[PDB]
2 protein chains.
Amino acid sequence: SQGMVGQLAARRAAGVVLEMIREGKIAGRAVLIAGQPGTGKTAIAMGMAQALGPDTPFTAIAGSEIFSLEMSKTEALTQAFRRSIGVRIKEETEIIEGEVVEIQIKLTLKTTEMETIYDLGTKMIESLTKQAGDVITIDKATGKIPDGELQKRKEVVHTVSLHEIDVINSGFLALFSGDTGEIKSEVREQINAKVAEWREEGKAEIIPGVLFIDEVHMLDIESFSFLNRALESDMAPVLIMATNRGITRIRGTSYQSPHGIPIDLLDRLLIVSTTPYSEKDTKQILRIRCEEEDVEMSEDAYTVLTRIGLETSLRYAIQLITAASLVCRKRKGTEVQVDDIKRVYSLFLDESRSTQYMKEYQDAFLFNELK
Amino acid sequence: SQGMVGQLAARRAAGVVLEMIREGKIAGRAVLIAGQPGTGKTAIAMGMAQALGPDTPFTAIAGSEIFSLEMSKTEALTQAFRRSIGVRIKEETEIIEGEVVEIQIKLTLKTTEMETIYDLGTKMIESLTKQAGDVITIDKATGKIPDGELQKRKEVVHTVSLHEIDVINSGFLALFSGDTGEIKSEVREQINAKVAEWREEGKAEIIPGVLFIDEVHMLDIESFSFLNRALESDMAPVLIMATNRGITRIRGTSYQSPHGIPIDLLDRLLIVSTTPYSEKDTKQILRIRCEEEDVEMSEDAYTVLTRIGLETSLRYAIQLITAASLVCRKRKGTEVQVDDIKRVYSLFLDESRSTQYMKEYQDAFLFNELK
Ligand SMILES: [Mg+2]
Ligand SMILES: [Mg+2]
Ligand SMILES: [Mg+2]
Ligand SMILES: [Mg+2]
Ligand SMILES: [Mg+2]
Ligand SMILES: [Mg+2]
């Protein structure tokens with residue numbers, strides 16, 4: 001584990017894809033992550049974005065989320081793609097770094113090569129109040145920590161997605177306003193042009209990110225045509241789809257097809273697969289979520305919760321970590337124990353027990369009926 | 001029973017959820033109450049709102065109620081969410097409290113520290129007509145019941161839902177007017193802005209309440225996308241859904257799914273379940289509804305009506321309380337008896353007997369046919 005747990009084979013395949021992307025040998029190609037749910041597909045796609053760069057746009061959606069009352073399928077996909085396409089701007093900031101020589105209430109700084117007196121404002125004096133070398137950024141303040149020049153320059157790369165720029169140009173309770181969440185079509189075409197001229201001027205760079213679409217089988221034929229068209233664009237992001245369906249109907253038609261994907265799009269897919277998490281992987285993941293939530297848990301508790309993860313889902317086992325720690329705090333305990341796990345397991349149902357919620361009452365009802 | 005009866009396990013689970021809400025560990029999470037109908041699900045959700053505060057907005061809808069001739073699905077949900085989001089305003093009222101020293105027809109009040117003469121209007125004199133210490137609110141009147149100052153200040157917190165404000169800004173027979181029941185989209189965005197500036201000024205506070213959606217399986221995929229988006233908002237209420245369906249189709253698609261809910265939304269659900277009411281719980285509830293309706297009922301009558309509640313539904317047994325008391329009043333009786341229960345049970349059908357209404361006539365018809 002160097003960022004995530006398990007899924008060694010899938011990660012290995014993902015690595016080969018990353019080398020295709022860097023070598024440019026993935027033009028007009030997308031990825032499909034087959035496998036059952038809860039096998040770390042999102043982690044795979046997310047880690048691929050990071051592998052391309054520290055600030056690579058990553059967007060994760062679900063197939064069902066393009067059918068909404070707030071947007072059209074076209075608008076939903078457009079936003080999904082514009083969140084995954086980054087614009088990289090270089091900010092050039094001036095930074096005065098030097099050794100403090102004197103303060104007068106004028107600031108005299110020096111490097112090993114020069115010395116200068118800088119006028120001091122009221123905000124600077126106070127800021128300064130809160131003979132050793134430091135840093136000062138212009139139109140800003142101090143950062144107490146030099147040779148060469150006193151005023152040097154530091155670069156600050158900024159990465160912003162096309163969608164982020166859409167919002168800046170075009171929010172509180174906006175969801176509950178009743179009006180759609182569309183972006184004006186004439187605003188995007190203004191931003192598409194502003195970003196086009198900046199790129200021609202060399203002031204901006206386009207960084208195609210990673211768009212992850214889970215439950216891709218929920219898309220209909222119209223939406224797949226959109227995706228297929230996007231893979232032919234030169235600025236498109238790395239498309240990654242996922243589904244646990246084998247063969248199924250193509251929504252919008254009466255035709256079966258592998259994963260419910262039309263052939264024109266299947267033809268350009270690199271298919272990978274994830275397997276279910278082993279007993280070791282499951283406990284490893286559980287341990288990592290406990291540290292993140294600052295939850296101390298007994299070893300007998302890890303064993304039980306791990307078993308629950310294998311018998312139900314890793315998503316469900318993680319829910320119980322938050323619940324068990326509260327049950328632990330109520331009894332003034334210091335670490336989650338097996339009893340805490342048993343209680344929350346009885347209080348909160350997993351998807352399988354929830355779909356058969358009476359079977360537990362029928363058993364009890366019959367068990368008492370025999371008395 | 002400290003507010004409601006039975007459902008100890010479900011209430012226990014609900015309590016653990018309340019601690020998550022208060023600790024903030026429920027971001028992007030909703031609740032699903034599985035179980036059969038008539039098991040106090042609404043009471044659970046309602047009690048959770050009260051547990052958050054005395055004036056926490058609570059809204060209860062049914063899945064089928066978003067499909068109407070008066071609103072669109074978007075409008076129906078928007079109102080449902082805006083009824084569940086509260087705006088808390090602090091009114092600062094001046095209250096003169098002091099000991100009456102003299103009346104002149106001028107009112108002289110005093111505390112243990114000061115004394116003052118207040119001019120008296122005609123309304124005040126009359127109001128006063130209807131040497132001991134009392135209270136007076138300015139621009140109002142008297143409340144006959146002190147040290148410190150004479151004019152003190154009392155705070156009156158006011159809680160109003162976003163929807164209540166929508167109506168104030170935007171009624172008799174409005175339902176039968178033929179025109180839709182929409183709120184102008186430009187009016188909400190004006191109220192969203194007025195509430196936004198008040199909050200920035202510290203004059204208003206947003207109180208996310210509790211939205212309860214029963215029969216959630218009636219929602220279609222478009223509506224579930226809306227809910228999933230709302231759980232990502234920071235001002236959203238605590239969403240609570242319910243259904244007695246196990247696995248069923250996702251309306252708008254041809255795919256089965258647990259409770260007819262898409263996975264993107266299932267993934268973020270804490271599932272609880274309610275069991276059927278026991279014989280003891282059922283009689284307890286019946287006793288409480290009698291006191292509320294001011295109905296005296298014999299113990300042999302409670303036993304019979306309780307049995308009816310177990311064999312049909314608690315909703316139906318409660319209907320018979322109103323009917324039986326009228327049958328009781330007709331015969332000039334003082335308390336409902338078994339006979340009163342037997343009569344109304346024969347006069348008013350439960351859902352099961354109503355769906356087989358001829359079987360009672362066929363039995364009688366055949367019974368006479370044999371004579
Ligand atoms: Mg594995
Ligand atoms: Mg369709
Ligand atoms: Mg599960
Ligand atoms: Mg019970
Ligand atoms: Mg429909
Ligand atoms: Mg009934």
# chains A, B, ... in the order shown; residues from 1 in each chain; ligands from 1
>>> interface_residues(of="chain B", to="chain A", cutoff="8 Å", atoms="only C-alpha atoms", output="PDB file with N, CA and C atoms, in the first residue's frame")
ATOM      1  N   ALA B   9     -36.038  -0.496  19.577  1.00  0.00           N
ATOM      2  CA  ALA B   9     -34.833  -0.697  18.779  1.00  0.00           C
ATOM      3  C   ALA B   9     -34.660   0.414  17.751  1.00  0.00           C
ATOM      4  N   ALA B  10     -35.727   0.734  17.016  1.00  0.00           N
ATOM      5  CA  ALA B  10     -35.647   1.798  16.023  1.00  0.00           C
ATOM      6  C   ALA B  10     -35.287   3.128  16.670  1.00  0.00           C
ATOM      7  N   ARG B  12     -33.636   3.553  19.417  1.00  0.00           N
ATOM      8  CA  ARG B  12     -32.235   3.460  19.813  1.00  0.00           C
ATOM      9  C   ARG B  12     -31.320   3.804  18.645  1.00  0.00           C
ATOM     10  N   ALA B  13     -31.575   3.208  17.479  1.00  0.00           N
ATOM     11  CA  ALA B  13     -30.803   3.540  16.288  1.00  0.00           C
ATOM     12  C   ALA B  13     -30.922   5.023  15.958  1.00  0.00           C
ATOM     13  N   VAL B  16     -28.568   7.168  17.949  1.00  0.00           N
ATOM     14  CA  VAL B  16     -27.186   7.164  17.475  1.00  0.00           C
ATOM     15  C   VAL B  16     -27.036   8.101  16.283  1.00  0.00           C
ATOM     16  N   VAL B  17     -28.065   8.180  15.437  1.00  0.00           N
ATOM     17  CA  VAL B  17     -28.026   9.103  14.309  1.00  0.00           C
ATOM     18  C   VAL B  17     -28.025  10.545  14.800  1.00  0.00           C
ATOM     19  N   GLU B  19     -26.729  11.747  17.456  1.00  0.00           N
ATOM     20  CA  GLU B  19     -25.391  12.115  17.903  1.00  0.00           C
ATOM     21  C   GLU B  19     -24.454  12.353  16.725  1.00  0.00           C
ATOM     22  N   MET B  20     -24.642  11.627  15.619  1.00  0.00           N
ATOM     23  CA  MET B  20     -23.880  11.923  14.412  1.00  0.00           C
ATOM     24  C   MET B  20     -24.207  13.318  13.896  1.00  0.00           C
ATOM     25  N   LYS B  25     -20.912  14.358  11.951  1.00  0.00           N
ATOM     26  CA  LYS B  25     -20.412  13.190  11.235  1.00  0.00           C
ATOM     27  C   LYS B  25     -21.470  12.544  10.348  1.00  0.00           C
ATOM     28  N   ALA B  34     -36.825   1.228   7.074  1.00  0.00           N
ATOM     29  CA  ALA B  34     -37.506   0.055   6.552  1.00  0.00           C
ATOM     30  C   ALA B  34     -38.520  -0.454   7.573  1.00  0.00           C
ATOM     31  N   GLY B  35     -39.427  -1.298   7.109  1.00  0.00           N
ATOM     32  CA  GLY B  35     -40.460  -1.863   7.955  1.00  0.00           C
ATOM     33  C   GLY B  35     -41.827  -1.759   7.315  1.00  0.00           C
ATOM     34  N   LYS B  73     -42.770  18.007 -10.565  1.00  0.00           N
ATOM     35  CA  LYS B  73     -41.941  17.271  -9.617  1.00  0.00           C
ATOM     36  C   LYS B  73     -40.875  18.174  -9.012  1.00  0.00           C
ATOM     37  N   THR B  74     -40.276  19.041  -9.832  1.00  0.00           N
ATOM     38  CA  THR B  74     -39.273  19.972  -9.329  1.00  0.00           C
ATOM     39  C   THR B  74     -39.883  20.917  -8.303  1.00  0.00           C
ATOM     40  N   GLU B  75     -41.044  21.485  -8.625  1.00  0.00           N
ATOM     41  CA  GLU B  75     -41.702  22.415  -7.714  1.00  0.00           C
ATOM     42  C   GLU B  75     -42.134  21.715  -6.432  1.00  0.00           C
ATOM     43  N   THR B  78     -38.940  21.128  -4.354  1.00  0.00           N
ATOM     44  CA  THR B  78     -38.411  22.403  -3.881  1.00  0.00           C
ATOM     45  C   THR B  78     -39.180  22.892  -2.661  1.00  0.00           C
ATOM     46  N   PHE B  81     -38.383  20.772   0.431  1.00  0.00           N
ATOM     47  CA  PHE B  81     -37.107  21.106   1.054  1.00  0.00           C
ATOM     48  C   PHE B  81     -37.150  22.475   1.721  1.00  0.00           C
ATOM     49  N   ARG B  82     -37.840  23.440   1.111  1.00  0.00           N
ATOM     50  CA  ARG B  82     -37.894  24.782   1.675  1.00  0.00           C
ATOM     51  C   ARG B  82     -38.784  24.858   2.909  1.00  0.00           C
ATOM     52  N   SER B 185     -40.055  31.809  -9.655  1.00  0.00           N
ATOM     53  CA  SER B 185     -38.639  31.503  -9.479  1.00  0.00           C
ATOM     54  C   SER B 185     -37.833  32.745  -9.125  1.00  0.00           C
ATOM     55  N   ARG B 188     -38.210  33.397  -5.200  1.00  0.00           N
ATOM     56  CA  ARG B 188     -37.344  32.598  -4.340  1.00  0.00           C
ATOM     57  C   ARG B 188     -35.917  33.128  -4.358  1.00  0.00           C
ATOM     58  N   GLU B 189     -35.399  33.453  -5.544  1.00  0.00           N
ATOM     59  CA  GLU B 189     -34.038  33.966  -5.643  1.00  0.00           C
ATOM     60  C   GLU B 189     -33.898  35.339  -5.003  1.00  0.00           C
ATOM     61  N   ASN B 192     -33.866  34.021  -1.312  1.00  0.00           N
ATOM     62  CA  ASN B 192     -32.565  33.403  -1.079  1.00  0.00           C
ATOM     63  C   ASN B 192     -31.489  34.457  -0.861  1.00  0.00           C
ATOM     64  N   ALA B 193     -31.609  35.607  -1.528  1.00  0.00           N
ATOM     65  CA  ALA B 193     -30.627  36.673  -1.370  1.00  0.00           C
ATOM     66  C   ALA B 193     -30.874  37.478  -0.099  1.00  0.00           C
ATOM     67  N   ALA B 196     -29.621  35.532   2.573  1.00  0.00           N
ATOM     68  CA  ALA B 196     -28.170  35.421   2.500  1.00  0.00           C
ATOM     69  C   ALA B 196     -27.489  36.626   3.133  1.00  0.00           C
ATOM     70  N   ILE B 221     -36.383   8.011 -11.164  1.00  0.00           N
ATOM     71  CA  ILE B 221     -34.937   8.220 -11.176  1.00  0.00           C
ATOM     72  C   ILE B 221     -34.606   9.708 -11.183  1.00  0.00           C
ATOM     73  N   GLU B 222     -35.387  10.509 -11.912  1.00  0.00           N
ATOM     74  CA  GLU B 222     -35.145  11.948 -11.933  1.00  0.00           C
ATOM     75  C   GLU B 222     -35.212  12.540 -10.530  1.00  0.00           C
ATOM     76  N   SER B 223     -36.199  12.119  -9.735  1.00  0.00           N
ATOM     77  CA  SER B 223     -36.358  12.670  -8.394  1.00  0.00           C
ATOM     78  C   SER B 223     -35.225  12.230  -7.478  1.00  0.00           C
ATOM     79  N   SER B 225     -32.153  11.636  -8.340  1.00  0.00           N
ATOM     80  CA  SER B 225     -31.018  12.490  -8.669  1.00  0.00           C
ATOM     81  C   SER B 225     -31.099  13.813  -7.920  1.00  0.00           C
ATOM     82  N   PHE B 226     -32.305  14.369  -7.792  1.00  0.00           N
ATOM     83  CA  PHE B 226     -32.488  15.601  -7.032  1.00  0.00           C
ATOM     84  C   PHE B 226     -32.082  15.408  -5.577  1.00  0.00           C
ATOM     85  N   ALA B 230     -29.169  17.123  -3.277  1.00  0.00           N
ATOM     86  CA  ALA B 230     -29.460  17.900  -2.077  1.00  0.00           C
ATOM     87  C   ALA B 230     -28.587  17.481  -0.901  1.00  0.00           C
ATOM     88  N   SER B 233     -25.530  19.583  -0.653  1.00  0.00           N
ATOM     89  CA  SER B 233     -25.652  20.960  -0.207  1.00  0.00           C
ATOM     90  C   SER B 233     -25.367  21.060   1.286  1.00  0.00           C
ATOM     91  N   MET B 235     -26.672  23.410   3.333  1.00  0.00           N
ATOM     92  CA  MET B 235     -27.855  23.872   4.044  1.00  0.00           C
ATOM     93  C   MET B 235     -29.001  22.870   4.002  1.00  0.00           C
ATOM     94  N   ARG B 245     -41.091  -1.723   0.808  1.00  0.00           N
ATOM     95  CA  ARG B 245     -40.719  -2.551  -0.328  1.00  0.00           C
ATOM     96  C   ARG B 245     -39.315  -3.102  -0.132  1.00  0.00           C
ATOM     97  N   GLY B 246     -39.142  -4.382  -0.450  1.00  0.00           N
ATOM     98  CA  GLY B 246     -37.823  -4.981  -0.444  1.00  0.00           C
ATOM     99  C   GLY B 246     -37.039  -4.561  -1.669  1.00  0.00           C
ATOM    100  N   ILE B 247     -36.951  -5.445  -2.654  1.00  0.00           N
ATOM    101  CA  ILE B 247     -36.376  -5.123  -3.954  1.00  0.00           C
ATOM    102  C   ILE B 247     -37.518  -4.784  -4.897  1.00  0.00           C
ATOM    103  N   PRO B 258     -32.571  -2.570  -4.502  1.00  0.00           N
ATOM    104  CA  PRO B 258     -33.079  -2.523  -3.125  1.00  0.00           C
ATOM    105  C   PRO B 258     -33.947  -1.301  -2.870  1.00  0.00           C
ATOM    106  N   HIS B 259     -35.210  -1.526  -2.526  1.00  0.00           N
ATOM    107  CA  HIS B 259     -36.147  -0.459  -2.195  1.00  0.00           C
ATOM    108  C   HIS B 259     -36.414   0.472  -3.372  1.00  0.00           C
ATOM    109  N   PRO B 262     -31.696   4.116  -6.463  1.00  0.00           N
ATOM    110  CA  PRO B 262     -30.419   3.941  -7.165  1.00  0.00           C
ATOM    111  C   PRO B 262     -29.262   3.796  -6.186  1.00  0.00           C
ATOM    112  N   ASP B 264     -26.197   5.175  -6.161  1.00  0.00           N
ATOM    113  CA  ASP B 264     -25.529   6.398  -5.730  1.00  0.00           C
ATOM    114  C   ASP B 264     -26.174   6.963  -4.471  1.00  0.00           C
ATOM    115  N   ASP B 267     -25.877   4.200  -1.356  1.00  0.00           N
ATOM    116  CA  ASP B 267     -24.548   4.186  -0.758  1.00  0.00           C
ATOM    117  C   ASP B 267     -24.452   5.078   0.470  1.00  0.00           C
ATOM    118  N   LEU B 270     -28.192   5.397   6.032  1.00  0.00           N
ATOM    119  CA  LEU B 270     -28.207   4.622   7.266  1.00  0.00           C
ATOM    120  C   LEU B 270     -29.575   3.959   7.362  1.00  0.00           C
ATOM    121  N   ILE B 271     -29.606   2.634   7.294  1.00  0.00           N
ATOM    122  CA  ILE B 271     -30.865   1.898   7.260  1.00  0.00           C
ATOM    123  C   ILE B 271     -31.239   1.479   8.673  1.00  0.00           C
ATOM    124  N   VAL B 272     -32.463   1.809   9.076  1.00  0.00           N
ATOM    125  CA  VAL B 272     -33.059   1.299  10.301  1.00  0.00           C
ATOM    126  C   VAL B 272     -34.349   0.584   9.919  1.00  0.00           C
ATOM    127  N   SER B 273     -34.919  -0.131  10.885  1.00  0.00           N
ATOM    128  CA  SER B 273     -36.134  -0.892  10.643  1.00  0.00           C
ATOM    129  C   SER B 273     -37.026  -0.852  11.874  1.00  0.00           C
ATOM    130  N   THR B 275     -40.398  -2.853  13.710  1.00  0.00           N
ATOM    131  CA  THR B 275     -41.150  -4.093  13.785  1.00  0.00           C
ATOM    132  C   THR B 275     -42.619  -3.802  14.042  1.00  0.00           C
TER     133      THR B 275
END
>>> closest_atom_pairs(of="chain B", to="ligand 2", cutoff="10 Å", atoms="only C-alpha atoms and all ligand atoms", output="Markdown table")
| residue | atom | partner | partner_atom_place_in_ligand_line | distance |
| --- | --- | --- | --- | --- |
| B:252 | CA | ligand 2 | 1 (Mg) | 8.0 |
| B:253 | CA | ligand 2 | 1 (Mg) | 7.5 |
| B:254 | CA | ligand 2 | 1 (Mg) | 9.9 |
>>> write_last_selection(atoms="N, CA, C and O atoms", output="tab-separated table (two decimals), in the first residue's frame")
chain	number	residue	atom	x	y	z
B	252	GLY	N	-38.97	4.88	-13.78
B	252	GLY	CA	-38.22	5.52	-14.83
B	252	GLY	C	-37.23	4.61	-15.53
B	252	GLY	O	-36.64	5.02	-16.53
B	253	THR	N	-37.03	3.39	-15.02
B	253	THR	CA	-36.11	2.44	-15.62
B	253	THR	C	-36.73	1.05	-15.55
B	253	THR	O	-37.82	0.85	-15.01
B	254	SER	N	-36.00	0.07	-16.09
B	254	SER	CA	-36.41	-1.33	-16.05
B	254	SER	C	-35.46	-2.16	-15.19
B	254	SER	O	-35.28	-3.36	-15.41
>>> select_by_dssp(residues="segment 8-165 of chain B", states="strand (DSSP E)", output="PDB file with C-alpha atoms, in the first residue's frame")
ATOM      1  CA  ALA B  30     -29.673  10.270   4.838  1.00  0.00           C
ATOM      2  CA  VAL B  31     -31.827   7.798   6.765  1.00  0.00           C
ATOM      3  CA  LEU B  32     -34.050   5.003   5.461  1.00  0.00           C
ATOM      4  CA  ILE B  33     -36.687   3.543   7.788  1.00  0.00           C
ATOM      5  CA  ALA B  34     -37.506   0.055   6.552  1.00  0.00           C
ATOM      6  CA  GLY B  35     -40.460  -1.863   7.955  1.00  0.00           C
ATOM      7  CA  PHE B  58     -40.393  19.073  10.134  1.00  0.00           C
ATOM      8  CA  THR B  59     -41.996  18.156   6.810  1.00  0.00           C
ATOM      9  CA  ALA B  60     -43.687  14.852   5.959  1.00  0.00           C
ATOM     10  CA  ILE B  61     -44.625  13.953   2.381  1.00  0.00           C
ATOM     11  CA  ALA B  62     -45.476  10.827   0.411  1.00  0.00           C
ATOM     12  CA  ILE B  85     -35.065  24.683   6.113  1.00  0.00           C
ATOM     13  CA  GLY B  86     -35.650  27.199   8.893  1.00  0.00           C
ATOM     14  CA  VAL B  87     -34.542  30.804   9.318  1.00  0.00           C
ATOM     15  CA  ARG B  88     -34.005  31.818  12.943  1.00  0.00           C
ATOM     16  CA  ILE B  89     -34.415  35.526  13.737  1.00  0.00           C
ATOM     17  CA  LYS B  90     -33.831  37.187  17.114  1.00  0.00           C
ATOM     18  CA  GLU B  91     -36.457  39.779  18.038  1.00  0.00           C
ATOM     19  CA  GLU B  92     -35.297  42.243  20.707  1.00  0.00           C
ATOM     20  CA  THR B  93     -38.279  43.551  22.685  1.00  0.00           C
ATOM     21  CA  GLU B  94     -38.211  46.143  25.466  1.00  0.00           C
ATOM     22  CA  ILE B  95     -40.142  45.174  28.602  1.00  0.00           C
ATOM     23  CA  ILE B  96     -40.823  47.578  31.473  1.00  0.00           C
ATOM     24  CA  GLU B  97     -41.052  45.602  34.723  1.00  0.00           C
ATOM     25  CA  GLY B  98     -41.464  47.318  38.076  1.00  0.00           C
ATOM     26  CA  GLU B  99     -43.554  47.783  41.192  1.00  0.00           C
ATOM     27  CA  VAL B 100     -46.630  49.995  40.890  1.00  0.00           C
ATOM     28  CA  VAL B 101     -46.240  53.080  43.083  1.00  0.00           C
ATOM     29  CA  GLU B 102     -49.122  55.299  41.944  1.00  0.00           C
ATOM     30  CA  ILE B 103     -51.691  55.885  39.204  1.00  0.00           C
ATOM     31  CA  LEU B 107     -48.034  55.675  36.092  1.00  0.00           C
ATOM     32  CA  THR B 108     -45.219  55.558  38.655  1.00  0.00           C
ATOM     33  CA  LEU B 109     -43.276  52.284  38.690  1.00  0.00           C
ATOM     34  CA  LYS B 110     -40.193  51.389  40.700  1.00  0.00           C
ATOM     35  CA  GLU B 115     -38.419  55.042  40.137  1.00  0.00           C
ATOM     36  CA  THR B 116     -39.982  56.648  37.067  1.00  0.00           C
ATOM     37  CA  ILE B 117     -43.209  58.338  35.961  1.00  0.00           C
ATOM     38  CA  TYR B 118     -44.673  57.122  32.653  1.00  0.00           C
ATOM     39  CA  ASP B 134     -46.176  43.832  37.107  1.00  0.00           C
ATOM     40  CA  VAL B 135     -44.899  43.908  33.498  1.00  0.00           C
ATOM     41  CA  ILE B 136     -45.469  46.260  30.548  1.00  0.00           C
ATOM     42  CA  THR B 137     -44.258  45.813  26.967  1.00  0.00           C
ATOM     43  CA  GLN B 151     -36.925  48.929  31.226  1.00  0.00           C
ATOM     44  CA  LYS B 152     -35.186  45.605  30.619  1.00  0.00           C
ATOM     45  CA  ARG B 153     -35.013  43.566  27.402  1.00  0.00           C
ATOM     46  CA  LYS B 154     -36.452  40.152  26.548  1.00  0.00           C
ATOM     47  CA  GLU B 155     -35.385  38.034  23.576  1.00  0.00           C
ATOM     48  CA  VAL B 156     -37.924  36.213  21.395  1.00  0.00           C
ATOM     49  CA  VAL B 157     -36.367  33.769  18.929  1.00  0.00           C
ATOM     50  CA  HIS B 158     -38.510  33.382  15.801  1.00  0.00           C
ATOM     51  CA  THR B 159     -38.141  30.402  13.453  1.00  0.00           C
ATOM     52  CA  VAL B 160     -39.645  30.581   9.957  1.00  0.00           C
ATOM     53  CA  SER B 161     -39.179  28.143   7.089  1.00  0.00           C
TER      54      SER B 161
END
>>> closest_residue(among="A:301, A:120, A:79, A:36", to="residue 138 of chain A", atoms="only C-alpha atoms")
A:120
>>> closest_residue(among="A:240, A:370, A:125, A:219", to="residue 43 of chain A", atoms="only C-alpha atoms")
A:240
>>> atom_distance(atom1="atom CA of residue 141 of chain A", atom2="atom CA of residue 124 of chain A")
7.1 Å
>>> closest_residue(among="B:217, B:289, B:268, B:371", to="ligand 5", atoms="only C-alpha atoms and all ligand atoms")
B:217
>>> atom_distance(atom1="atom CA of residue 139 of chain A", atom2="atom CA of residue 111 of chain A")
21.1 Å
>>> residues_near_ligand(ligand="ligand 1", cutoff="10 Å", atoms="only C-alpha atoms and all ligand atoms", output="list in words")
residues 5, 6, 7, 8, 9, 10, 39, 40, 274, 275, 276, 277, 278, 279, 280, 281 and 282 of chain A
>>> atom_distance(atom1="atom CA of residue 335 of chain B", atom2="atom CA of residue 286 of chain B")
14.7 Å
